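Novice: The listed protein sequences correspond, in order, to chains A and B.
Residues 299 to 338, 350 to 716 (the UniProt record's numbering) are what the first sequence spells out, left to right.
Residues 299 to 338, 348 to 718 (the UniProt record's numbering) are what the second sequence spells out, left to right.
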Amino acid sequence: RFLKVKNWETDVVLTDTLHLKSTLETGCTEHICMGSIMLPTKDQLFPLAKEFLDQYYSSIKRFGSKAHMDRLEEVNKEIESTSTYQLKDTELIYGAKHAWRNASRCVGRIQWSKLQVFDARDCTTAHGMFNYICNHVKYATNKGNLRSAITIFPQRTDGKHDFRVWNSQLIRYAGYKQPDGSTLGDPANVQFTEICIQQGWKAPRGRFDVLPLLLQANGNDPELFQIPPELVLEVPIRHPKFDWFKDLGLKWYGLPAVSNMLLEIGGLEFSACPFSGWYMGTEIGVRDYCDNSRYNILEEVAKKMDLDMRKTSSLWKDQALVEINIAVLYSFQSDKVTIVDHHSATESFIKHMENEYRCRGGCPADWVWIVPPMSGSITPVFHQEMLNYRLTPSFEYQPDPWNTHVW
Amino acid sequence: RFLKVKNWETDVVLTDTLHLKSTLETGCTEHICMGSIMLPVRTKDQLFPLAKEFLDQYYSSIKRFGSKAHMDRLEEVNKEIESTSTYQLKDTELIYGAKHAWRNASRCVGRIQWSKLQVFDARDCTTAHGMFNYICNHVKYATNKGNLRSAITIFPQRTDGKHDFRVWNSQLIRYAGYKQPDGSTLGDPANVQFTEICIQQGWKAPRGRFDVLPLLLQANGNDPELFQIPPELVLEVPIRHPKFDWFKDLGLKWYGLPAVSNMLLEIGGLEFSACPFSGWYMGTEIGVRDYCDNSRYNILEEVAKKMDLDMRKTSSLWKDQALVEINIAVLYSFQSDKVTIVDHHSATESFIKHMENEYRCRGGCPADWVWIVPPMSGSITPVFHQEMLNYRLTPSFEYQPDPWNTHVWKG
Ligand code: HEM
Ligand code: HEM
Ligand SMILES: N=C(Nc1cccc(CO[C@@H](CN)COCc2cccc(/N=C(/N)c3cccs3)c2)c1)c1cccs1
Ligand SMILES: N=C(Nc1cccc(CO[C@@H](CN)COCc2cccc(/N=C(/N)c3cccs3)c2)c1)c1cccs1
Ligand SMILES: C[C@H](O)[C@H](O)[C@H]1CNc2nc(N)[nH]c(=O)c2N1
Ligand SMILES: C[C@H](O)[C@H](O)[C@H]1CNc2nc(N)[nH]c(=O)c2N1
Ligand SMILES: [Zn+2]
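1. Is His329/A close to chain B, meaning its C-beta is less than 8 Å from at least one C-beta of that chain?
2. With hydrogens ignored, establish whether the beta-carbon of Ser457/A is closer than 7 Å to any heavy atom of ligand 1.
3. Mapping DSSP to helix, strand and coil, what is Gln525/A?
4. Would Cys668/A be called buried (16 or more neighbouring beta carbons within 10 Å of its own) or exposed?
5. Quick one: which chain B residues come within Cβ less than 8 Å of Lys626/A?
6. Considering only DSSP beta bridges, list what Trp561/A is partnered with.
7. Taking the C-alpha atoms as reference points, what is the distance between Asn385/A and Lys469/A?
8. For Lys626/B and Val610/B, I'd like the C-alpha separation in whole angstroms.
9. Suppose only complete runs of 3+ residues qualify. What are the beta strand (DSSP E) ranges in the stretch 470 to 525 of chain B, listed by chain order?
10. Whole angstroms is fine: what's the gap from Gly558/A's alpha carbon to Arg547/A's?
11. Under the rule that 16 or more other beta-carbon atoms within 10 Å means buried, what is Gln628/A, buried or exposed?
12. Quick test of your reading: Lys560/B and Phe517/B, contact by CB under 8 Å. State the CB separation rounded to the nearest angstrom.
13. Measuring only the C-alpha atoms, how far is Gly590/A from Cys415/A?
14. Of the residues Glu663/A, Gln507/A, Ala497/A, which one's Cα is nearest the Cα of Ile419/A?
15. I think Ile480/B touches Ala429/B, with their Cβ atoms under 8 Å apart; what is that distance to the nearest whole Å?
16. Residues in the same chain with beta-carbon distance under 6 Å from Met570/A, minus the five sequence neighbours each way, listed in chain order, please.
17. Is any heavy atom of ligand 2 found at a distance shorter than 7 Å from the C-beta of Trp587/B?
18. Between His445/A and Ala435/A, how many whole angstroms is the CB-CB distance? I'm expecting something under 8 Å.
19. Beta carbon of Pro682/B, beta carbon of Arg596/B: below 8 Å?
20. Hey, does residue 341/B have any beta-carbon neighbour from chain A nearer than 8 Å?
21. Can the beta-carbon of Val426/A be found less than 8 Å from the beta-carbon of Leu401/A?
22. Could you check if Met332/A belongs to the surroundings of ligand 7, using beta carbon to heavy atom distance under 7 Å?
23. Once the 5 residues before and after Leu312/B are set aside, which same chain residues still bring their CB inside 6 Å of it?
24. Answer with buried or exposed for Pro710/B, where buried requires no fewer than 16 other C-beta atoms within 10 angstroms of its C-beta.
25. Please check the pair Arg699/A and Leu322/A, which I expect to be a contact at CB under 8 Å, by giving their CB distance rounded to whole angstroms.
26. From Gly575/A to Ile388/A, what does the alpha carbon distance come to, in whole angstroms?
27. Check each candidate in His652/B, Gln464/B, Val637/B, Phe501/B and name the one with the smallest Cα separation from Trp475/B.
28. For ligand 1, any of its heavy atoms closer than 7 Å to the Cβ of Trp409/A?
29. Using a Cβ cut-off of 7 Å, which residues of the stretch 563 to 589 of chain A contact any Cβ in chain B, in chain order?
30. Quick test of the definition: if touching needs 3 or more C-beta pairs under 8 Å, does the stretch 685 to 693 of chain A touch the stretch 500 to 514 of chain A?
31. By Cβ distance below 7 Å, which residues in the same chain neighbour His652/A in space, the five residues on each side in sequence not counted?
32. Mark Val646/B as exposed unless 16 or more other C-beta atoms lie within 10 angstroms of its C-beta, in which case mark it buried.
33. If I follow the unbroken alpha helix (DSSP H) through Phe691/B, where does it start and stop?
34. Assuming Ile635/B and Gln642/B form a contact by the criterion Cβ under 8 Å, report the distance between their Cβ atoms to the nearest whole angstrom.
35. Which class does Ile648/B belong to by DSSP, given the choice of helix, strand or coil?
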């Protein structure tokens, strides 16, 4: 019932009680653990509503005040009547913040309470959605001094009228197969890239073509829009000691901004809720650049370094990996765009886990995702026991809208 | 019920039915995953079914299920349990059991090798001096002048819980740790405590940085005894680097034979509390963990100083640069002295083939992703992108408490 988590580097032991609030299921049972698996009515809504407003009013020291009872009353009235309800702005902000706070896979959560929330529930069209988004991009980019933020579109109603951003992130590079049979650009986005072509995006057919946004208001067919290049901050990647590096022609974008998730607050579903912060270096240099099914450049960098690529045991892949990641960080830092290294981020997240154990009674944490994809054991998250569990409010996955939409 | 696991690099999907044979608990529930937690006297009552399951498995492994020999063995085991309260395994069943404990080890990345395990039967052993002798033969067989061979030795099983065979050391070969008055540690910090027990018991400590610990061996519930392994049997490797000549001047070395001595082997309900086993090293175990953990030899600073990296900011990645060089050194040294070792690219690639083959022949392969993925360069090994399923099968290897915490001293 009360659970203990140990850090095996520092012997610090934390006690977790927060998990007893866990409502949703994990995928695991007593027989099988599924921790490495990437994805596992009016009746229903009031319970969810009450659960949320109770924790909101608790959070503001008014649990069991007339204001609380009245809201519980007012929302209850509104559900029985409309079959849904609306959040006050204050509830909205709290709920989005808390959905970040509860994201068990996010290493960046020491920041959870600095989130700018843009309320876009008044939006009706894709052109609206485009406006709101470009404003979010520009706010968040802040000429390189990046700021956390989320833009929230109207909540689901009967599910024939969903708002969706079809892009997986607002800012991502094009992917194209060639007769050749290999891939030009980013292979992760091949299918979406051809979706945009199929809608009429004239494609530069380059390595690093920023994709057009494809936006669906109110359940309609979605529409293309080019984010103004002036709003897309990009970084050329060079190395602080290897002059040839820049001639690999690498660049990446400054703002990571996820746009395909579903935000659940108090029973209500916000199918479009794009959010951004900034990058931990390894996301780019280890994952986007080196993954076999991504830009997959390790071979070519190793060549330029003249390393012995005959044997895996020369650790040439690993040598190249480090230098790439030095280059990503150096470039961002040189250009003054915010970025965090994996050492600093995980040091941060351990400080934060400790805060949340102390103030909240725990912290859901998914070790599989929290531990970076390079140098695992030399970051402190490696030696930290974590408990994973699901709290609401929450971000959740949802199915790619092309597999669901009707034209 | 059928379960699928996908690999996200290759889109290979696998199907799991083997987990239906799982009975032991994970620690997880529908509401909490415990997957990163390091660690989440039997009566006749519980013993016969455990014995029966095991022999049903042993007998289908040899294609004699339902056979007369299968049935007669059940009746013989059963009658022995209820007359003697326990039972003895035949040689063949002990072999098969130890092989399957490895095979069922979901945290082992080297299970490709499962079927090649030399099983020494030390169940005629009565005394500690007997134990030393069996261990020494193990260590010489397994070492094989640097051409390592996997082995396990299996002392008598538990009876009343008061006559246990234990090996007190955590590995058969490990370096001493000495906490100094100034609060620093000389040698290996992980073995400080055990080192302290050994001194108390009588060991004169050379007090250096790489002293091989003596064996501390309990037979038959008796107080344990101190033995020195013959150094001629302890194969060790000086660590040097192929380009950096100053590397050797750091004075590093390490032993070549990894051999776990503190786990409990369970086969058919039986508890074999001393079952040292040995294989060979994945390079990262030494290069990443043993040398560069903060709580172990912690050499990262001194390597990066010699390399004159920019240590003023973490974002130089001066740690990740030092870590790689040290790992290159460890693999280079071992290959140059012709001691078996495997790097983490090659070990993980082999595992992924093992794991697919197993899904095909066996219907599954329990696997602990937190453990299988190496502590450096995670995502550029193929295991990082492999979804795995973790569940527990018997026969199996288990943790047990350190014996100095439970042992009843006689004097
Ligand atoms: C401010 C700096 C931030 C940093 C440095 C950061 C860091 C990360 C990283 C590295 C991941 C793993 C991503 C991957 O491997 O694809 C992650 C996952 C995630 N973060 Fe953040 N984060 C930050 C801000 C945010 C914000 C503002 C939110 C929400 C408002 C958020 C919500 C998430 C969620 C939901 C996931 C997991 C998504 C999934 O399950 O696939 N993070 N975070
Ligand atoms: C032959 C070469 C072998 C290699 C390269 C190998 C590799 C590994 C490695 C790297 C680990 C993780 C160790 C750690 O993080 O401390 C491991 C775990 C393990 N392997 Fe092996 N292994 C080998 C042979 C064996 C043998 C012979 C057995 C037993 C017969 C065995 C049983 C285990 C067990 C029980 C674990 C997990 C222990 C725990 O939970 O603490 N392996 N394997
Ligand atoms: N085939 C896939 N499909 C796939 C199917 C289902 C789920 C996923 C999970 O996608 C994540 C993989 N790393 C990517 O999510 C993007 C993300 C989310 C949150 C934070 C991220 N990075 C940041 N710094 C932030 C973004 C927004 C605020 S901070 C990135 C992927 C692949 C995944 C990885 C390689 S292939
Ligand atoms: N306090 C601890 N003690 C501790 C307490 C309980 C469990 C553990 C886990 O033990 C392993 C830690 N890595 C040590 O196991 C050594 C091992 C086991 C199996 C295979 C290994 N390597 C080989 N290649 C083989 C050994 C024998 C056959 S193959 C090494 C450790 C710590 C953990 C982390 C920091 S301190
Ligand atoms: C199969 C495995 O769970 C999957 O590859 C995970 C592993 N850990 C990860 N961790 C992060 N942070 N991001 C990821 O995309 C993944 N991939
Ligand atoms: C807390 C966490 O589970 C612990 O640090 C684990 C992580 N993964 C590991 N993986 C292996 N192979 N060996 C280990 O000792 C550990 N330590
Ligand atoms: Zn689990």
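We put the beta carbon where it would ideally sit given N, CA and C, even for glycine.
Specialist: According to the structure shown:
1. yes
2. Indeed, a heavy atom of ligand 1 lies less than 7 Å from the Cβ.
3. strand
4. exposed
5. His652, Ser684, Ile687
6. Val544/A.
7. 24 Å
8. 9 Å
9. 484 to 486, 492 to 494, 522 to 525
10. 9 Å
11. buried
12. 6 Å
13. 14 Å
14. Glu663/A
15. Not quite, the Cβ-Cβ distance comes to about 18 Å (not below 8 Å), so this is no contact.
16. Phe704
17. yes
18. The Cβ separation is near 15 Å, so there is no contact.
19. yes
20. Placed between 338 and 348 in the numbering, residue 341/B has no coordinates, as chain B goes from one to the other without interruption by modelled residues.
21. yes
22. yes
23. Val303, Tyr666
24. buried
25. 4 Å
26. 12 Å
27. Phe501/B
28. yes
29. Listed by position, the residues of the stretch 563 to 589 of chain A near chain B (Cβ gap below 7 Å) amount to none.
30. no
31. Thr688
32. Buried, by the Cβ-count rule.
33. No alpha helix (DSSP H) contains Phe691/B, which DSSP labels as neither H nor E.
34. Rounded, the Cβ-Cβ distance is 11 Å, inconsistent with contact.
35. strand
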